[PDB]
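Below: the structure, in structure tokens.
Here, each number is a calculation from the coordinates, and none is a lab measurement. Cβ coordinates were reconstructed from backbone atoms using ideal geometry, including for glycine residues, and neighbour counts include every protein chain displayed.
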Amino acid sequence: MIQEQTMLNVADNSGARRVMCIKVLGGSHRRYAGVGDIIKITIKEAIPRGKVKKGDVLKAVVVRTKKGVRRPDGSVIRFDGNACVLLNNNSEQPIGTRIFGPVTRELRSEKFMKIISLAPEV
Amino acid sequence: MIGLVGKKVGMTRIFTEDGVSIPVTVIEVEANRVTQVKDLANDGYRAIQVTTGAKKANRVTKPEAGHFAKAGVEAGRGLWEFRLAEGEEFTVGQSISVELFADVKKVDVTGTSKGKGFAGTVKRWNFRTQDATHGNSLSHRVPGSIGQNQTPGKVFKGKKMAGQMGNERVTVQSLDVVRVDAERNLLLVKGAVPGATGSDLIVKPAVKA
Amino acid sequence: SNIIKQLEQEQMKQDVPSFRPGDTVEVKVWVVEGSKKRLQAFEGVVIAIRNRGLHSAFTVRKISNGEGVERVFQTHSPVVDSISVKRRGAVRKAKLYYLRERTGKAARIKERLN
Amino acid sequence: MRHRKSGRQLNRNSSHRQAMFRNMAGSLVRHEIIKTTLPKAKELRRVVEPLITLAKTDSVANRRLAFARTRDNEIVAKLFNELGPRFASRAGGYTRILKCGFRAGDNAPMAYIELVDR
Amino acid sequence: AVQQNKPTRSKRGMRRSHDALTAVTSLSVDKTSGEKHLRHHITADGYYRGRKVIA
Amino acid sequence: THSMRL
RNA sequence: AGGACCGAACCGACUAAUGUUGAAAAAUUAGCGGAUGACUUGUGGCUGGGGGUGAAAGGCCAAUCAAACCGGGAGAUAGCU
RNA sequence: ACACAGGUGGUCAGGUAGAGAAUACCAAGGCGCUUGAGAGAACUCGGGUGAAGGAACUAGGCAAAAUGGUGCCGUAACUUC
RNA sequence: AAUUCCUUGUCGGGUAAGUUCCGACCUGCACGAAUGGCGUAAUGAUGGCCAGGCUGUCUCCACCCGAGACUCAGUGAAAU
RNA sequence: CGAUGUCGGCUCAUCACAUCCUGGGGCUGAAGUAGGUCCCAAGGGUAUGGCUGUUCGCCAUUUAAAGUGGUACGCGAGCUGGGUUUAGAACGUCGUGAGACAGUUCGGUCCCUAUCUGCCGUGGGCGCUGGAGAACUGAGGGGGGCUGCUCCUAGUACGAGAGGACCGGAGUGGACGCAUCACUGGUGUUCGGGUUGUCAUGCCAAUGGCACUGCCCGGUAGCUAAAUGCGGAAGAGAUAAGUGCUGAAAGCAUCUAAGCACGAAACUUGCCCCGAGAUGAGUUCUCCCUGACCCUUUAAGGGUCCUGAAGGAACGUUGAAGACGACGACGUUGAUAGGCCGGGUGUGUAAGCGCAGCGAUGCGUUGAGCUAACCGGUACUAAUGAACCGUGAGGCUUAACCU
């Protein structure tokens with residue numbers, strides 16, 4: 001349940017420490033973003049040597065949500081802190097070479113298979 | 001074909017072996033004994049009249065008791081009628097059991113929903129509440145405006161306003177029938193059917209198939 | 001009624017081990033990746049048990065690599081395989097959400113030794 | 001919307017409602033019959049019958065529980081010395097509601113509540 | 001929130017047509033004392049269903 | 001006095 | 001020491017909600033400002049209508065104020081209703 | 001104008017905690033506020049809590065939420081020192 | 001600019017985006033030196049803006065607790 | 001002008017079509033993808049923020065698309081009150097001045113208990129031609145009608161290559177709506193526990209009152225959304241723009257004049273709901289009443305006595321039904337409500353007693369004690385015999401049959 005003006009932690013190491021969601025992409029009037037959802041973000045805090053600089057507008061995918069994900073047996077997986085992986089604007093591939101923290105098995109599709117290959121837990 | 005009349009007894013969930021937990025509603029579909037067969041001769045249309053359960057011996061009035069004991073059935077709670085689509089015959093007195101849904105794949109369930117009573121427009125019609133701070137005066141969940149001005153000069157019929165919500169007949173359509181248990185007269189459907197636990201449900205095969 | 005409890009007793013498993021809040025527990029669950037099925041272990045701390053018969057669940061909290069993960073488990077679902085109660089906790093509450101508040105050395109609990 | 005709910009509000013908050021039921025249960029136990037309104041008497045049934053249930057098993061913890069419910073030692077004395085042995089064969093239903101006209105002052109439906117001994 | 005012109009006595013009586021009191025159908029006769037009382041109410045004499053409960 | 005049509 | 005600080009009584013009246021044929025012809029509730037002073041209050045005096053008084057708003061002068069209230073010119077006058 | 005939620009000066013002032021005449025609970029003392037009984041709809045009033053988010057609301061962080069005591073450590077620009 | 005019409009002047013900062021804010025330039029419609037000019041520490045129930053915390057303000061409302069509204073008995077207005 | 005409250009925002013809308021998107025076509029300087037332009041089409045949909053009082057606009061990021069208008073520039077007896085438009089004050093300018101400014105700037109009381117129409121719900125009376133209990137047909141009315149992305153065909157058709165489909169299918173989303181709590185949660189001042197201050201129960205222990213539920217921590221049932229199932233359609237008929245077939249008038253040609261077939265989310269149905277007050281008041285099934293006599297203007301008459309039937313209403317216990325009515329269940333030939341019993345659930349190892357220690361406290365008894373609305377049972381208590389209303393075969397005329 002990431003909406004507009006939600007501050008997200010950043011799972012990869014593109015350089016952003018903390019970003020802000022500015023639109024949940026896909027569909028008109030859409031409210032929220034889950035783990036399998038692309039959003040547009042802007043960067044509020046960056047690392048001084050990183051790739052992305054503070055004040056850029058690009059895209060991310062959510063990887064951890066405090067609202068969680070509900071598996072088909074009814075089980076929920078509620079992380080602590082909302083987290084995203086920064087993607088490119090039109091390439092839609094991750095800008096990081098590594099990924100911190102665990103991610104979710106319901107992210108497993110081709111491009112995010114390239115994401116979860118770097119992931120230490122799925 | 002026809003439908004069957006059952007009683008809602010709670011919701012449960014079926015754990016299938018692959019992992020997926022199907023949340024089911026249990027419908028105890030008892031034996032429906034046919035009471036009257038309406039045909040083209042007397043009625044100008046063809047339909048059957050069924051009953052289920054059993055009332056007490058003295059609660060049944062004399063007209064109902066004569067109607068039941070006219071043809072071979074014992075008195076149950078309420079009479080119902082299904083409209084017999086062109087080529088099916090059910091003899092008077094025949095108990096119809098639940099394997100009719102052991103044939104079929106999808107089901108629509110008709111019931112009287114739970115009554116919320118006199119509900120306001122925010123609950124009844126999903127109206128957006130007015131701004132709950134910023135100066136608002138006795139007007140948070142009020143409906144707002146209900147008409148334009150002098151040119152209509154009247155509220156149009158079918159205006160969404162506060163009123164009785166619930167306690168009406170609604171039909172939920174195309175539910176997956178999960179299990180037909182003839183040994184305990186259980187019918188289990190996937191999803192939420194209308195009504196409180198105990199209200200009568202009319203269970204038909206799905207027509208939007 | 002007698003029907004719903006009957007279907008619940010039909011669905012439930014006969015074997016499920018006895019644990020309480022505070023118990024450090026490994027749960028092993030089935031996962032699928034196409035045709036290939038796999039077992040995966042989740043070791044954490046039981047911080048909530050919701051007893052309802054068939055609908056019983058339990059919440060296991062595990063501090064993963066940097067982060068805090070939390071998973072509820074349907075206790076009678078077939079997606080779980082084993083619940084090995086590794087360590088026994090000595091709390092005196094039934095729900096332990098202050099561990100969701102706490103981190104680190106403040107988030108540890110003494111052993112039961114009943 | 002009160003579906004499948006119990007407990008009457010009686011136009012009193014929970015402190016007033018609990019204190020009034022404590023006082024009314026003390027009056028019914030002490031006098032063996034009192035006269036009140038009708039819905040107050042029905043909720044008084046729901047209050048005062050678990051005390052006579054508690055009065056059957058005599059123990060120090062039961063005396064202290066019945067003290068926590070009544071806050072009068074005369075009431076727990078009369079309970080555990082009279083209504084414990086008197087109702088020990090009876091299982092449930094120690095009180096009887098009899099409707100007695102209407103109140104003169106405001107036209108309120110009156111009723112007697114008594115124990116089943118008299 | 002005020003009337004535009006006065007309502008007639010005709011429209012007054014029509015509204016008060018539903019204000020009419022309903023009398024009780026009948027009272028009961030107790031088995032022993034034989035005095036009249038409401039249904040399911042104790043008598044003014046204190047009898048109820050053949051049983052004196054209150055002096 | 002905001003109700004007056006000045 | 002202080003027209004010093006925090007804060008009760010006390011004096012005030014910044015904001016919001018309620019009240020709007022009010023509980024009240026200016027209040028209540030929760031917060032708010034001053035609170036040893038150019039403070040506040042009791043009691044008694046003095047200033048009176050083109051006059052008083054005014055840390056000045058045309059403010060206040062008995063619920064009345066760009067000239068009070070009462071009685072009198074006076075049945076003013078009204079090309080207006 | 002009311003048996004009116006307003007106004008009105010001085011004197012006395014106990015306990016426990018508290019810096020305190022604050023505030024909480026009590027004493028002496030005095031009251032339950034001159035319509036009540038049910039029910040437990042919309043909506044309005046006074047509140048309590050709220051997943052995920054956290055000013056995206058709005059003229060405006062208005063209102064609510066939060067901060068809040070004592071002791072010690074520590075404390076920047078600027079300054080009329 | 002409490003002054004500036006044209007006008008949201010133009011440039012820079014803050015913002016993903018800033019007719020308001022901050023710093024500048026002067027083209028001052030129509031500043032300007034006791035009807036004072038320009039700075040100014042402290043103050044302010046003062047006007048404008050930004051940040052942290054915090055939140056039902058809001059996304060989007062949900063439930064609960066009391067007082068009215070509702071029903072019953074007594075009394076019993078009002079504008080129009 | 002003995003008053004028609006005005007800009008913007010909010011809430012709620014509704015219509016027109018001069019159509020933004022979706023739908024169907026003609027022409028193209030239409031190879032494809034994508035466009036352009038024009039015709040038909042109103043069923044549904046038609047952003048969120050920054051700035052500004054703003055509408056508008058500019059910008060950012062989307063979307064299938066972010067339509068143009070009417071409705072007192074819809075909407076203040078529905079809310080706000082930023083602008084504007086009272087009284088204070090100030091700036092610039094004009095004036096000797098009082099003052100003034102479609103020039104700014106700061107601040108500044110938004111009243112009303114709904115009689116009638118209208119609308120949303122909900123009943124009482126009477127009618128429907130003897131009365132009653134049910135089940136329906138269905139005139140009519142209402143609701144719903146949105147759409148993306150990915151895959152397959154197929155990287156084929158087309159195209160130098162870049163690129164890249166029509167038609168048809170399958171899945172998975174967004175927004176919307178209905179339903180329900182099985183799950184995930186919220187609430188849970190009626191359940192359990194911790195804990196601060198104080199008062200009381202004589203005191204210790206243990207409890208209780210008050211302090212916003214004192215502050216808190218979990219939480220049953222209900223209710224609910226963020227949770228979970230479902231749905232928009234496929235199909236049919238008649239069409240619009242358009243496309244044709246045969247075909248004369250006009251020996252040819254020609255979609256039209258005679259005739260025939262296609263053709264859209266629009267129209268009528270199909271789906272869901274209300275629905276015989278549909279006064280045109282319908283249909284079917286069942287039950288119930290099978291008495292004597294008087295009077296007078298012997299009339300669809302009035303009266304007396306006896307019987308009150310089916311059934312209804314009242315009364316009570318009440319309900320996941322409810323403002324009140326209504327609706328549903330039950331009334332002892334009985335599980336309707338309370339209690340009681342067992343379980344479930346919640347909280348976390350009660351009180352007393354024993355032991356350890358100087359004591360706070362710990363351990364054993366002990367996953368104890370207490371458990372609201374849940375579940376299955378149980379007549380222990382209250383649902384009293386009854387009385388009340390409702391009658392006694394139900395008009396005339398004509399037709400077709402049967403004694």
- Note on the structure: Filter the range D:78-109 for residues that are of a type in the set (A, V, I, L, M) and away from RNA strand J (no atom under 12 Å from the Cβ); the one that is farthest from residue E:49 (Cα to Cα) is D:79
- Do we find a residue being within 16 Å of RNA strand H (Cβ to nearest atom), within 14 Å of chain E (Cβ to nearest Cβ) and loosely packed, with under 13 Cβ neighbours inside 10 Å anywhere in the range D:94-105? yes
- Conditions (1) surrounded by fewer than 16 Cβ atoms within 10 Å (Cβ to Cβ); (2) within 14 Å of chain D (Cβ to nearest Cβ); (3) away from RNA strand H (no atom under 13 Å from the Cβ); (4) of a type outside the set (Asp, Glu) -> residue B:63 fails only (2)
- Cβ pairs under 9 Å, 6+ apart, first in the range B:162-182 and away from chain C (no Cβ under 14 Å), second within 6 Å of RNA strand J (Cβ to nearest atom) and aromatic (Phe, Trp, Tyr): B:162/B:118; B:163/B:118; B:164/B:118; B:165/B:118
- Task: Return the residue satisfying two criteria in turn: it lies in the range B:112-125 and is part of a loop (DSSP other than H, G, I, E, B) and within 10 Å of RNA strand I (Cβ to nearest atom), and of such residues it is farthest from the other protein chains (Cβ to nearest Cβ).
- Result: B:120
- Kindly list the number of the only condition in (1) surrounded by 15 or more Cβ atoms within 10 Å (Cβ to Cβ); (2) out of contact with any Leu (no Cβ under 7 Å at 6 or more places or on another chain); (3) not aromatic (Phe, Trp, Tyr) that fails for residue C:47. (2)
- Query: Among (1) under 30 Å from residue B:198 (Cβ atoms); (2) not in a loop (DSSP other than H, G, I, E, B), where does residue C:83 come up short?
  - Reply: (1)
- Item | Within the range B:66-103, considering residues that are of a type in the set (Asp, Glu) and part of a loop (DSSP other than H, G, I, E, B), the one surrounded by the fewest Cβ atoms within 10 Å (Cβ to Cβ) | B:86
- Task: Only residues that are facing chain A (nearest Cβ under 10 Å) and either touching a residue at least 40 places away in the same chain (Cβ under 8 Å) or within 23 Å of residue C:104 (Cβ to Cβ) (or both): list them for the range C:61-75, please.
- Result: C:61, C:62, C:63, C:64, C:65, C:66, C:67, C:68, C:69, C:70, C:71, C:73
- Message: Could you check the range E:1-19 and list, in sequence order, the residues that are part of a loop (DSSP other than H, G, I, E, B) and either surrounded by 10 or more Cβ atoms within 10 Å (Cβ to Cβ) or within 11 Å of RNA strand I (Cβ to nearest atom) (or both)?
- Response: E:1, E:2, E:3, E:4, E:5, E:6, E:7
- Query: For the range A:24-47, which residues satisfy the criterion of being in a strand (DSSP E or B), surrounded by fewer than 20 Cβ atoms within 10 Å (Cβ to Cβ) and within 13 Å of the chain's Cα centre (by Cα)?
  - Reply: A:38, A:40, A:42
- Inspect the range B:69-77 for any residue being within 16 Å of RNA strand I (Cβ to nearest atom) and in contact with a strand residue (DSSP E or B) (Cβ under 8 Å, 6 or more places away or on another chain) and give the result as yes or no. no
- Name the residues in the range E:34-55 that are more than 23 Å from the chain's Cα centre (by Cα) and either more than 9 Å from chain D (Cβ to nearest Cβ) or not in a loop (DSSP other than H, G, I, E, B) (or both), would you? E:50, E:51, E:52, E:55
- Output the qualifying pairs, or none if there are none: Cβ atoms under 9 angstrom, residues six or more apart or on different chains, first residue in the range B:126-141 and within 14 Å of another protein chain (Cβ to nearest Cβ) and under 18 Å from residue B:162 (Cβ atoms), second residue within 6 Å of RNA strand J (Cβ to nearest atom) and assigned to a loop (DSSP other than H, G, I, E, B). B:128/B:144
- Message: Within the range A:1-23, take every residue that is within 14 Å of chain C (Cβ to nearest Cβ), outside any loop (DSSP other than H, G, I, E, B) and buried (at least 17 other Cβ atoms within 10 Å of the Cβ) and give me the one that is nearest to RNA strand H (Cβ to nearest atom).
- Response: A:8
- Query: If you take the residues of the range A:1-47 that are touching a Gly at 6+ places or on another chain (Cβ under 6 Å) and touching a residue at least 40 places away in the same chain (Cβ under 8 Å), which of them is farthest from RNA strand J (Cβ to nearest atom)?
  - Reply: A:13
- Message: If residue B:151 meets every condition in (1) more than 7 Å from RNA strand J (Cβ to nearest atom); (2) more than 27 Å from the chain's Cα centre (by Cα); (3) of a type outside the set (A, V, I, L, M) apart from one, which number is that one?
- Response: (1)
- Task: Would you be able to say whether some residue in the range A:77-100 is surrounded by fewer than 16 Cβ atoms within 10 Å (Cβ to Cβ) and within 14 Å of chain C (Cβ to nearest Cβ)?
- Result: yes
- Got at least one residue in the range D:63-77 being under 30 Å from residue B:198 (Cβ atoms) and surrounded by 12 or more Cβ atoms within 10 Å (Cβ to Cβ)? no
- Message: Looking at the range B:169-191, can you tell me whether even one residue there is aliphatic (A, V, I, L, M) and on the phi > 0 side of the Ramachandran plot?
- Response: no
